[PDB]
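Encoded as structure tokens, the structure appears first; notes follow it.
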Amino acid sequence: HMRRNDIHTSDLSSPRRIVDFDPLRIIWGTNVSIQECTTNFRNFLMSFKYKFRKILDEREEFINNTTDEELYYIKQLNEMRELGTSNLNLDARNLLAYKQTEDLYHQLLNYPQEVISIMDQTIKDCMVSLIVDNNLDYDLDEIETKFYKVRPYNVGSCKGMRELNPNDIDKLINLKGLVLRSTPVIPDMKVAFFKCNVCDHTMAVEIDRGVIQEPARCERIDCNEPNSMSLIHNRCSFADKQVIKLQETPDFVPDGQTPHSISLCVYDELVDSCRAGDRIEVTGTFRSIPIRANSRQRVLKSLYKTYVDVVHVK
Amino acid sequence: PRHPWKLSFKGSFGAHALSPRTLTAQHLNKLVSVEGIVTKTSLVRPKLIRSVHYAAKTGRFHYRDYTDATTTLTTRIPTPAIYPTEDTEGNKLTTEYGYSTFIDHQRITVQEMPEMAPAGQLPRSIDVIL
Amino acid sequence: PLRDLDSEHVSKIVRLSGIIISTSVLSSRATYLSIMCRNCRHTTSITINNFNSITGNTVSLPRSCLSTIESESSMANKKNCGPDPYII
Amino acid sequence: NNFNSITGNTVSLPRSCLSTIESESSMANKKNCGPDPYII
Amino acid sequence: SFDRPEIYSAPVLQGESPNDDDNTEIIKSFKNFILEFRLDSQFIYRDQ
Ligand SMILES: [Zn+2]
Ligand SMILES: [Zn+2]
Numbered sequence: 132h133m134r135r136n137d138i139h140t141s142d143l144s145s146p147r148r149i150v151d152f153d176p177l178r179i180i181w182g183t184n185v186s187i188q189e190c191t192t193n194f195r196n197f198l199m200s201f202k203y204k205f206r207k208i209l210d211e212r213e214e215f216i217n218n219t220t221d222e223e224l225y226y227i228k229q230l231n232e233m234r235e236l237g238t239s240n241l242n243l244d245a246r247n248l249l250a251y252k253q254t255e256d257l258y259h260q261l262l263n264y265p266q267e268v269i270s271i272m273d274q275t276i277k278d279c280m281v282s283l284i285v286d287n288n289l290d291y292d293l294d295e296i297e298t299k300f301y302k303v304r305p306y307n308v309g310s311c312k313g314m315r316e317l318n319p320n321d322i323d324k325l326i327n328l329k330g331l332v333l334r335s336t337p338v339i340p341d342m343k344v345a346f347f348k349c350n351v352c353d354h355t356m357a358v359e360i361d362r363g364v365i366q367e368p369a370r371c372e373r374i375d376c377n378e379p380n381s382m383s384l385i386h387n388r389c390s391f392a393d394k395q396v397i398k399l400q401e402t403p404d405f406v407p408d409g410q411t412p413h414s415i416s417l418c419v420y421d422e423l424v425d426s427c428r429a430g431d432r433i434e435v436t437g438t439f440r441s442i443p444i445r446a447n448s449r450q451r452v453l454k455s456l457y458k459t460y461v462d463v464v465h466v467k
Numbered sequence: 140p150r151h152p153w154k155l156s157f158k159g160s161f162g163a164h165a166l167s168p169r170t171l172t173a174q175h176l177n178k179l180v181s182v183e184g185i186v187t188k189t190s191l192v193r194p195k196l197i198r199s200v201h202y203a204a205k206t207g208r209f210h211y212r213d214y215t216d217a218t219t220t221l222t223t224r225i226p227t228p229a230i231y232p233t234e235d236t237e238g239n240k241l242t243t244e245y246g247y248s249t250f251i252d253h254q255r256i257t258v259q260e261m262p263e264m265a266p267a268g269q270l271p272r273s274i275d276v277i278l
Numbered sequence: 147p148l149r150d151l152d153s154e155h156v157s158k159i160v161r162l163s164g165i166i167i168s169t170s171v172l173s174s175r176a177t178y179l180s181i182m183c184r185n186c187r188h189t190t191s192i193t194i195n196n197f198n199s200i201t202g203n204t205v206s207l208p209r210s211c212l213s214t215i216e217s218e219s220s221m222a223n233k234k235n236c237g238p239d240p241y242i243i
Numbered sequence: 195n196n197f198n199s200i201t202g203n204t205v206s207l208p209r210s211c212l213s214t215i216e217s218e219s220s221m222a223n233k234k235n236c237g238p239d240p241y242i243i
Numbered sequence: 002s003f004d005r006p007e008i009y010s011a012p013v014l015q016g017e018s019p020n021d022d023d024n025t026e027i028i029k030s031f032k033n034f035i036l037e038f039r040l041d042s043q044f045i046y047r048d049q
């Protein structure tokens, strides 16, 4: 139980964000329907062939029989089950190739936060169904405890960071760049461990959108001292977070533009996968946070700071 | 055929024709003429004198006057009147730039002229508000 | 009955019969009161809906000016208005 | 008459108004002028 | 020389499950009692 820190997870079972518009249920602020997206991505996983990608790219004379007619993601999921791999690398143009998913591709670009979680859930469901249907010898328990995550890439043209607008925040963007340096591994708190000072009662609280709720009183019925829970910083569990300084090299440079450098955050397994000086292609969601003006005060700056929250690295 | 008239002074000042080095505290609260060289000239900044606001619920225009110790020669009670974001009845006020009045304000630094300054010592300077 | 009122009836609705000796003159309480700072010229309104207390001011004028804590103006023109700076 | 001090106000403005303690007028018109009410 | 920034709200989601001890639920129950009470054949408190 470590979850995914590349994208903030969403609760598919919870009807909190669900609103009905007229039936058909939509997550508020999006046009993403959980059931429709799961069914569409499941059909895409069962029925995609690379000849669809060849047709989409107007590459007809290069179509072969032994590779294009084979079910692409079925054999990727088979070899991914065989090797213990927990990552699926999804090409975004393959969604445009299939007839039922050109909408989903757009929903992937506009709302990666919910759509990527939907793909993760239906990939896990397909991972279960691939051994349920064909009656494989693998035990269902190791598949169930494994948490499967998808990494979309090739999301579109590599537009410059300085050509982006505030309406592009929390959209999947793709950038070609050069790595200059990276910070050391930073522990982000994910579960907090509190112990009562007088009765040694220990409880653990999960983080909720970057905020940890400190318990004011002891949870035990016997002990109810106010202000008795103290946080032990070493008993609590952390997650990896790294910040990489990328020197962007876009395809198109406007008149009199001097190259800039951005900061991109990688999490969990993607930490230390990029060394200084290599040319890489990063796809990830475009983020913006407010920055505290002073350390002692909570007064935040009105002008936001933009960064790239990394999903996949090529 | 509204602005109040001001005064300017010329002529011999006698013992009040001084220098930034020569200015001491015995010349405070006195009219002095000071010859020097300008070293710093600050940015000309507008200073709000009267702010005019609009209450859309009552459709009325209110105003508030502001003053400080710089504009007056005689000191009075410092009464800090805040910027009115609402009127007495509690309605929201929208400020009306263009109907408010702003007076240009500058401050310069007059240092003693190097021609009559001492050749080795550090020079003296004063601040002048225009 | 009035002699049966115990400490178990405190802050509880009770029904009691009796006779009335005296009815006092009508005091004037304030429901909505507008206040202005003495020198800060900050205008505030207090609406009070609890008038059932006796011998004690459960709602009073603020002990200090509320313009500083609100930070209403972007200009924000150390200035202290003083203890009890509001007039009704 | 003492200006020889450095880094400290040996002589400063009074903390409270001196009209009450003097009782200079027979009228003597609770009234509090506030902390540090004097201006120069 | 700007004005007061304003704070306003709008109901979007359902919220948490309502509790009978919540002030809003008590106010709604009292409103229902005022509007929907019948003595014999008429709403006495609404007409009052
Ligand atoms: Zn305890
Ligand atoms: Zn005030």
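Protein chains in written order, with the authors' numbering: chain A, 132 to 153, 176 to 467; chain B, 140, 150 to 278; chain C, 147 to 223, 233 to 243; chain D, 195 to 223, 233 to 243; chain E, 2 to 49.
Don't be surprised by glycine CBs; every beta carbon is placed ideally from N, CA and C.
- The three-state secondary structure of residue 350(A), taken from DSSP, is coil.
- For the beta strand (DSSP E) assignment, the uninterrupted runs of no fewer than 3 residues enclosed by the stretch 163 to 194 of chain C are, from N- to C-terminal side, 178 to 183, 189 to 193.
- Contacts between residue 147(A) and chain E, judged by CB atoms closer than 7 Å, involve 14 in chain order.
- Chain-ordered, the chain E residues with CB closer than 8 Å to the CB of residue 199(B) read 2.
- For residue 391(A), the enclosing beta strand (DSSP E) begins and ends at 391 to 401.
- Taken atom to atom, the span from the alpha-carbon of residue 418(A) to that of residue 215(B) is near 52 Å.
- Residue 180(C) and residue 43(E) have their C-alpha atoms some 42 Å from each other.
- Exposure of residue 223(A) is indicated by the presence of fewer than 16 other C-beta atoms within 10 angstroms of its C-beta.
- In the structure shown, the three-state DSSP call for residue 457(A) is coil.
- Selection 325(A), 330(A), 195(A), 252(A) evaluated against residue 204(A) yields 252(A) as nearest (Cα-Cα).
- Non-local beta-carbon contacts of residue 157(C) in its own chain, meaning distances under 8 Å to residues more than five positions away in sequence, are absent.
- Rounded to the nearest whole angstrom, the C-alpha separation of residue 195(D) and residue 206(C) is 47 Å.
- If only uninterrupted beta strand (DSSP E) runs of at least 3 residues are considered, those enclosed by the stretch 401 to 442 of chain A are 414 to 420, 432 to 442.
- In chain order, the residues positioned with their C-beta nearer than 6 Å to some heavy atom of ligand 2 are 183(C), 186(C), 188(C), 211(C), 213(C), 236(C), 240(C).
- In the structure shown, the three-state DSSP call for residue 203(A) is helix.
- Within the stretch 206 to 240 of chain B, contact with chain E at the beta-carbon level (separation under 8 Å) is assigned to 231, 233, 234, 240.
- Cα atoms of residue 47(E) and residue 26(E): separation of roughly 20 Å, rounded to the nearest angstrom.
- Near ligand 1, meaning a beta-carbon closer than 6 Å to one of its heavy atoms, we find 349(A), 351(A), 352(A), 354(A), 371(A), 373(A), 376(A), 378(A), 381(A).
- Between the alpha carbons of residue 222(B) and residue 176(B) lies a distance of about 13 Å.
- Among the residues facing chain E, residue 180(C) is not included, as its CB has no counterpart in that chain under 8 Å away.
- Collapsing the DSSP output to three states places residue 235(C) in coil.
- The C-beta separation of residue 289(A) from residue 400(A) comes to about 47 Å, leaving the pair out of contact by the 8 Å criterion.
- Taking the CA atoms as reference points, residue 284(A) sits about 23 Å from residue 132(A).
- Residue 202(B) and residue 4(E) have their C-alpha atoms spaced approximately 11 Å apart.
- Residue 349(A) and residue 382(A) do touch by the CB rule: their CB atoms are close to 6 Å apart, below 8 Å.
- With 16 or more neighbouring CB atoms inside 10 Å of its own CB, residue 302(A) falls in the buried class.
- In terms of Cα proximity to residue 189(A), the closest of 449(A), 306(A), 272(A), 450(A) is 272(A).
- Below 8 Å, enough C-beta pairs join the stretch 296 to 311 of chain A and the stretch 264 to 278 of chain A to call them touching: three or more.
- Put simply, of 258(A), 314(A), 378(A) the residue whose alpha carbon is nearest the alpha carbon of residue 412(A) is 314(A).
- Looking at the DSSP output, residue 234(B) shares a beta bridge with 240(B).
- Secondary-structure assignment with DSSP links residue 210(B) through a beta bridge to 201(B).
- With its beta carbon less than 8 Å from one in chain E, residue 220(C) belongs to the interface.
- Each residue's CA atom was taken as its position, placing residue 207(A) and residue 246(A) some 11 Å apart.
- Counting every other CB atom within 10 Å of its CB across the protein chains shown gives residue 449(A) a total below 16, marking it as exposed.
- Residue 242(A) sits close to residue 465(A), with the two beta carbons spaced by under 8 Å.
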